[PDB]
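The chain below stands alone, shown as structure tokens; this is the form deposited in one PDB entry.
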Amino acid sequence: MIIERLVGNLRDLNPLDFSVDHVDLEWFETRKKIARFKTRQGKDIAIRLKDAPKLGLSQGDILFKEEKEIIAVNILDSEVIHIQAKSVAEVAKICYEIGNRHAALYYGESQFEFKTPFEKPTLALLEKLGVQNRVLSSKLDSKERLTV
């Protein structure tokens, strides 16, 4: 149908248990408040949200639940530079330099880790600074973005 409100998330499980269909978003499309998708199973779906989370849609956000049938957001993976900073000093240097390049940036899964989309210049930079990183196909979750 024409979805206006999130119905929670698969994380606050949900043993599934359910027949979950998925909408596949790029990490950059997760901030759309009005749009039309087609689900994995090909259902036609419309979002015009009231009170989208300011951060964007996250993995597992339930768009639809009728009986045992679910539709949920899933974020496609992309190539991502996984930055591992050695100190607080280096954190500020990394963040300030990426912020300068106006690249997107996200919190990693540990204090000194940070994740940005892959872009040749970004990586040139990171290597120039001699910062540790690996490129990986992985998932930029909205809830972990740096506001900006």
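Heads up, when I say rigid core I mean the largest set of C-alphas that superpose within 1.5 Å between the two forms. Just count from 1 along the sequence shown to find any residue number.
Omitted here: the form deposited in another entry. The next part is about that form.
Asker: Against the rigid core, is the Cα displacement of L129 between the shown form and the other one at least 2 Å?
Answerer: Shift of 2 Å or more: yes.
Asker: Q111: after superposing the rigid core, is there a C-alpha shift of 2 Å or more between the shown form and the other one?
Answerer: After core superposition, the displacement of the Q111 C-alpha between the shown form and the other one stays below 2 Å, so no.
Asker: Has the Cα of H102 moved 2 Å or more between the shown form and the other one, judged after a core fit?
Answerer: Moves: yes, 2 Å or greater.
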